[PDB]
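S.K.: This block holds the first chain(s) of the complex, placed as they are in the complex; more will follow:
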Amino acid sequence: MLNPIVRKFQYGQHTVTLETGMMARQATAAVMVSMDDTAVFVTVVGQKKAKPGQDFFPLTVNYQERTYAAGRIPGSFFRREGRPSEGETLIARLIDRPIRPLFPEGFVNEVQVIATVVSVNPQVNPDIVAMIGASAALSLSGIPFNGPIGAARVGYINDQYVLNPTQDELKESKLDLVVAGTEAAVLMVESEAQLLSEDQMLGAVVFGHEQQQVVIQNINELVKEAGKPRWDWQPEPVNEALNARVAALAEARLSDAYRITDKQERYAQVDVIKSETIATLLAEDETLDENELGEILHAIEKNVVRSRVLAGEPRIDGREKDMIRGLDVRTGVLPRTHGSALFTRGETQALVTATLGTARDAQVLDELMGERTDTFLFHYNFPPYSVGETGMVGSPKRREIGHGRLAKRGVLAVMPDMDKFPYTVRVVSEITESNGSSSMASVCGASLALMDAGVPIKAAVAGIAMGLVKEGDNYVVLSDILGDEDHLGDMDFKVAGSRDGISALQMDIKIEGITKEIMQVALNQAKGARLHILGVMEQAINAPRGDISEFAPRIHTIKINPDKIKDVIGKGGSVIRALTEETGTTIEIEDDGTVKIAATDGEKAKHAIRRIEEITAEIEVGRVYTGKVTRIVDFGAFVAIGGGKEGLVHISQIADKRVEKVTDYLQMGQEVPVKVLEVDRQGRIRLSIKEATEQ
Amino acid sequence: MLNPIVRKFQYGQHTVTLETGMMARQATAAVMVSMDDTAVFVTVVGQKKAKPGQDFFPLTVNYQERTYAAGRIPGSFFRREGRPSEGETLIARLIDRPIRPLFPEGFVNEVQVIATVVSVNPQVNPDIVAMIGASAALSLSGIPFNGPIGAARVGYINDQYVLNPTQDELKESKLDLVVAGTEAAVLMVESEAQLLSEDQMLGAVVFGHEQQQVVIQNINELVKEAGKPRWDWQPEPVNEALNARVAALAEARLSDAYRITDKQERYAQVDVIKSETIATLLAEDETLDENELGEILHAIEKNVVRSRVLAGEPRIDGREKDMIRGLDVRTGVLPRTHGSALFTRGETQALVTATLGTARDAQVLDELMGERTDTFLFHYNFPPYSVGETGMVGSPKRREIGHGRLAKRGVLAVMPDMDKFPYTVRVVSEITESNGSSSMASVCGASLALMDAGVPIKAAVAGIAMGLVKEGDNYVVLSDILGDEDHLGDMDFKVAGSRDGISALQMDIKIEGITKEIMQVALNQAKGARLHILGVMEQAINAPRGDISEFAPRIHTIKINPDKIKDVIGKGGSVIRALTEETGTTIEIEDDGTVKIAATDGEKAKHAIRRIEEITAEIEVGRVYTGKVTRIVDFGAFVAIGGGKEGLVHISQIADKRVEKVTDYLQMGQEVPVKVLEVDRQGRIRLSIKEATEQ
Amino acid sequence: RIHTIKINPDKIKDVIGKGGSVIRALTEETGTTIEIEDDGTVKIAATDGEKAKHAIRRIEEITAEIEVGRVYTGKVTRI
């Protein structure tokens, strides 16, 4: 017999129902969390024996949208769900980022969270349910986990926040925000606004968290009811003796080594002190593990840099907290792309290039909720020759498919509606040099490129990453944090919007609790920095160009009869294939008879128009048709005319005189007007050269 | 001028042509076997030096169907043969399963059998030829190998077995089983039958074996002719000292531990026993191999459990050999899937979900034999958390692609014929905890889910996995064998049929010398256990639900006049495309008048059928024909009523005198009755107002 | 391969049928694609020589111009 421990509550309008104990009894824990007929079956399995000699914590969070949820057989040719799509990868990252800061420091047991989506309802998005499920499953398992973590989505409708808006409500809403936080404080935010002021976004975050408190309480109750006993796990007791021994020698020398302004001399000096210290550490005692010493060194570096930045001393870069790294924007770097730009800030650099296309190229996304065509593709490539180290290129890693979406959220607030711009922009942005905040450089460069290729966007957008270092009650906010600063910093929060309003937020706090006022101060400082960046960006190019680049495919529209569209299709499309191959353009066919002529140069466009027009032109009374007989035989020569309908001039219809041979009657290259009297349906159109040859 | 060695023999109606020595000389041994113009080129490469510290036999059997065999350029966009399809993986497992228990124990040199298909007569299926080829190759190579193995594919027609039928016959046979065994015993059997009684199945097995004795004899002849000298490979002699100091010190204690009925106490006891034995033996000598120590320990405990079950003592579970594990059955566990079930037996369970789709989703796979459309998809998912360990979710491994086909072979016997039920059932079963006999749990859950979603299958169907332990003349046969028992047990059955007859008989014996009487007894016990499981299943769901779920797309078929399809539809598909884009349903037509209406809503299907009846409106006596005339011209009154139905209203039928303005006597938009006088060949339709106003 | 035969242009309508029932029935029977032009030139495209022979024979039975000395199978259906 099976004993399903169910526990259901009320969240917003729907009724979440946690249900554990019935399935996957062999995994460490598994709950089937269902909200309003949308069910996600999260399961955790974490090994007990720590891998001998591990350095980084290997938590992986697969997320699978099984397409038998909506009730459809998949569309792929193998007719089976395969490699995870971009949406599923993004939602896996969204599940991953809240929990990882919660696993206690020094934990290195493999842990895997495989949250599938068994059944979906088009009104309720699954991802929020999957997040609740991952939190509940982890809390049940007894793996060392600091807290249950609620998840909420907030929408802005008619100036009142709504919790967990349904998709139909979401279309109306200005802001779509996901706030996931523990009982103590916000843990992550991943938003996409529509140029709201910073106060509205902060209100949204605080509202979402204050509300999801309920999910937290109820998951806690479930854990108390039907959970497993907590693991007996203790962190590695800190070897105070070795740490203090290494510190007594390294503290002052490394403090002064980091005090000096020049970066690379400090690099060399700290590396040589590192080699000296590790050589002594080995020579005095071989048994001491190298990774322990490396952890010690990381601790010393983090401690000294944090102590410095807290006191107000200049950062490792040499800038003040407010100062942004110097920028240099360039446009038209690439010769033949529809529009390109190169946004170099400090060391982070991005070569963004925007290319227009016609409606045939818009991505057609088949996801669980419903079918959807996307007409703004943003791709973000992070090649390994950026950081400075070799590495195999390949399919885009998870972080690239996350930052693509982030930059796309950043830019989507300002793109023009399709009726005003009948194109499908695709923006790529390779990162040639990365030193921190690559995605926001990509947002800036995308604004630049779009402004250059001629898209009539509303106003330039710009993104500036930020940081936070807080100890006790002493806190100081940072701007344009380098990567080295980010590792030491306690929070990284990325705001990207126009001067008027915020287009995209993506906080990721990691330590203790951040009071609302702290977030407010950080957001305001970010507004200032972003205004400065936008000024500099405006210095280069301030208004989008007059028209698209000459290479860009212009749009020409012709009207033809509804039967004519089938005529131009032909067998499987042979006529349109031949037309595109002979003309070199791109033709779109609609059932109402509209024709879309898309070609770069106007000459190819008019070429296509004429070539199609001859076949579209119906043979008209009085107007003679241009026909060339392709084959002549002794018993008659038929003048092939085209259009699927050929009129044959039988040997008995030419003249009453005995036609002896067509060669002396019709010669090779005899282009003569033919008098057509009518258009018949019997398949035997009457042609007559006799009346045209009389004069 | 190298010379091949050719030996050809009769094998049923087909003739087989073994041939070696001409190609692939540098491979260890290669044999091109051709049967009746189907040729499969099998080659085997065997390394000579065992990899150091190798523990498991790394034999890997590949199999590639080169689509230039049938004489066709590949379909795929790259015009090149892609990764192995599901069929090729299936036949790879087919070739693999018989020849793995045949290599001697302790052989660990890598071996690879690559079987290519170079020319395929669309009648003779290749798999049998490839199996004969792999047997001939291995037995030719001189890699240590017990015996050449023959393959047959017995069919069942007119209650008479037939050897190795062709596709044309196979469309009429009830049972197709690939009994491939050496001369001594039937090594492997894989079956698919339409509810044949067990006795017929076992008769087919024994007949196939008696027949393929021929291939055995002649492969032996060819090996004696043109073989290679056998490798000099000797098994590692067992170390009597280690065996004695483990046995005489611990084996009695392990026997007493396995006497304990409880699982967990016994676990703890065997743990402390093995730890104590290891500790004392290393205290005696440290250089003693811990790996070999544990290996001998595992051998000891295997011997203990085998002796226990042989004596007739209760098994590790505590069940008697006959009784099945516990059961629990739930149906409709997911909210929005078309049908679902959760078949949980003992500690092996499966979440099956059947999802109906319209006829456009049927997987169309291109095989060498000929393009075949598949309208029943079974998919088997074995995620890692099921067995309790973390792993790498990804593309389905080989064992899944095998068990999916097994379960589909088990269910296909009972699914309805396409005329009675026109859909595209796709069944997905995800194992959530597996401890032996997972695939048969999947078959049970699939029968349940199908019965839930509302398909009218002919009868419920269930599966049980038998196990056999045999020593000398003493043999005991188990039921619902656990995962742990299976390795220790010798042979494995998987019977899966309705109460009336068997449907799948996959079996995989290892020991040599099982009389057919033993298999008869085993199948009898399996019939008993399967009747029991079906009795339990009968409680939850009795008969298939009358109506499919409201979420299901509903397909409605109407018959129409096949001649009138050209009159109402017309050329070019204009009106059909218009109707499919206005109603959003899919419409097709047959030469007889068969037309299917498929739409995810009932009311939409009603709208579509209304439109079809309006366009296909006959001439109903007494029904009012409404025409809306908005403008009048001198030639007539143009009225748009669809279907090209337009008649020219003559001026002489309006009034006797010349009408100066038509609107004085005929009103605009006024309903005029129109009775058809006759339907001419040229589509001439005339309207009659005068005779229709009064009648 | 592509098989080309020249048939009298006027007799195509005897065998084409109303709405093309005969031609499509024959193609689905022989598994090939037949092509006919207003000049009566019959184009048989096939994926095999054997299907080519099958289709071409079936064309000879009906589609071929009426030949003297060709026997016609006449069966009464009702007395």
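M.R.: Ah, there it is. Numbering: from 1, shown residues only, chains lettered A, B, ... in the order given.

S.K.: And residue A:112, how close does it get to chain C?
M.R.: Counting by C-beta to the nearest C-beta, to the nearest Å, the separation of residue A:112 from chain C is 50 Å. (Each C-beta comes from the backbone N, C-alpha and C, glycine too.)

S.K.: next one: residue A:75
M.R.: Distance from residue A:75 to chain C, by C-beta to the nearest C-beta: 29 Å.

S.K.: Thought residue A:365 was touching that residue, still the case?
M.R.: No: Residue A:75 lies out of contact with residue A:365 (C-beta atoms under 8 Å); the separation is 11.0 Å.

S.K.: So for the two, which residue has more residues nearby?
M.R.: Neighbours per residue (other C-beta atoms under 10 Å in any protein chain shown) separate residue A:75 from residue A:365, with residue A:365 holding more: 14 against 11.

S.K.: Tell me the secondary structure at the closest residue to the more buried one other than its chain neighbours.
M.R.: The shortest distance from residue A:365 to any non-neighbouring residue, by C-beta to C-beta, 6 or more residues apart in numbering or on different chains, is to residue A:372 (4.8 Å). Remark: residue A:372 carries the secondary structure label strand [criterion: DSSP: H, G, I helix; E, B strand; the rest coil].

S.K.: What number of residues are in the vicinity of residue A:85?
M.R.: Residue A:85 - counted by other C-beta under 10 Å - has 16 other residues nearby.

S.K.: again, but for residue A:74
M.R.: Residue A:74 - counted by other C-beta under 10 Å - has 20 other residues nearby.

S.K.: give the contact list for it.
M.R.: By C-beta atoms under 8 Å, 6 or more residues apart in numbering or on different chains, the residues touching residue A:74 are A:67, A:80-81.

S.K.: For residue A:428, which three-state class applies?
M.R.: Criterion first, three-state DSSP; result for residue A:428: strand.

S.K.: As CSV, the contacts of residue A:74 with secondary structure would be great.
M.R.: Converted to CSV, the contacts of residue A:74 look like this (three-state DSSP):
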residue, secondary structure
A:67, coil
A:80, coil
A:81, coil
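
S.K.: so what's the residue of chain A found nearest chain B closest to, chain neighbours aside?
M.R.: Using C-beta to the nearest C-beta, the single residue of chain A nearest to chain B is residue A:566, 3.5 Å away. In space, and not counting its chain neighbours, residue A:566 is closest to residue B:572: 3.5 Å by C-beta to C-beta, 6+ apart.

S.K.: Report the contact partners of that neighbour.
M.R.: Counted by C-beta under 8 Å, 6+ apart, residue B:572 has contacts A:563, A:566-567.

S.K.: now residue A:587
M.R.: A:576, A:579-580, A:595-598, A:608, A:612.

S.K.: ranges for the helices of the stretch 201-350 of chain A?
M.R.: Using DSSP state H, counting those that start in this stretch, the helices of the stretch 201-350 of chain A run over residues A:240-259, A:263-284, A:290-311.

S.K.: Ramachandran coordinates for the residue of chain A closest to chain B?
M.R.: Per-residue torsions, residue A:566: phi -70, psi -40 (degrees, to the nearest 10).

S.K.: also put RNA strand D on there:
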RNA sequence: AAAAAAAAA
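M.R.: That brings us to RNA strand D, laid onto the chains above:
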């Protein structure tokens, strides 16, 4: 012989 335009581219 009824019909835009390719994971198986």
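
S.K.: The neighbour count of residue A:74 with RNA strand D there, same question as before?
M.R.: Neighbours of residue A:74 using other C-beta under 10 Å come to 20.

S.K.: bridging residues for the residue nearest to residue A:433 when sequence neighbours are not counted?
M.R.: The shortest distance from residue A:433 to any non-neighbouring residue, by C-beta to C-beta, 6+ apart, is to residue A:349 (4.1 Å). Assessed by DSSP bridges, residue A:349 has beta-bridge partners residue A:344, residue A:433.

S.K.: so residue A:349 touches residue A:441, yeah?
M.R.: Yes: between residue A:349 and residue A:441 there is a contact under C-beta under 8 Å: 6.9 Å.

S.K.: For those two, indicate the residue with more neighbours.
M.R.: A count of neighbours by other C-beta under 10 Å puts residue A:441 above the other of residue A:349 and residue A:441, at 30 against 20.

S.K.: which ones are touching that one?
M.R.: Residue A:441 neighbours (C-beta under 8 Å, 6+ apart): A:343, A:345, A:348-350, A:431, A:463.

S.K.: do residue A:67 as well
M.R.: A:73-74, A:81, A:368.

S.K.: got it, and residue A:603?
M.R.: Listed by C-beta under 8 Å, 6+ apart, residue A:603 has no contact partners.

S.K.: The one 4 residues further on too?
M.R.: Residues in contact with residue A:607 (C-beta under 8 Å, 6+ apart) are residue A:583.

S.K.: Kindly report the same for the one 4 residues further on.
M.R.: Contacts for residue A:611 (C-beta under 8 Å, 6+ apart) come out as A:579, A:582-583.

S.K.: same check, this time on residue A:227
M.R.: By C-beta under 8 Å, 6+ apart, residue A:227 lies in contact with A:29, A:139-140, A:142.

S.K.: what do you get for residue A:428?
M.R.: Contacts of residue A:428 by C-beta under 8 Å, 6+ apart are A:352-353, A:355, A:379-381.

S.K.: Restricted to buried residues, select these in PyMOL.
M.R.: The PyMOL selection below is limited to those of these classed as buried (16 or more other C-beta atoms under 10 Å in any protein chain shown):
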select buried, chain A and resi 352+353+355+379+380+381
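
S.K.: And the residue positioned nearest the centre of chain A, how close does it get to RNA strand D?
M.R.: Taking C-alpha atoms, centre = their mean, the centroid of chain A lies closest to residue A:405, which sits 2.7 Å from it. From residue A:405 across to RNA strand D, the span is 19 Å (C-beta to the nearest atom of the strand, to the nearest Å).

S.K.: same deal with residue A:43?
M.R.: Residue A:43 is 26 Å from RNA strand D, by C-beta to the nearest atom of the strand.

S.K.: What's opposite that residue in the beta bridge?
M.R.: Per DSSP bridges, the residues bridged to residue A:43 are residue A:30.

S.K.: what distance separates the start and the end of stretch A:320-327?
M.R.: 16 Å (C-alpha to C-alpha, to the nearest Å).

S.K.: Also stretch A:621-638?
M.R.: Terminal residues of stretch A:621-638 are spaced 20 Å apart (C-alpha to C-alpha).

S.K.: May I see the buried residues of it?
M.R.: Neighbour-count burial for stretch A:621-638 [16+ other C-beta under 10 Å]: A:624-625, A:627, A:629, A:636-638.
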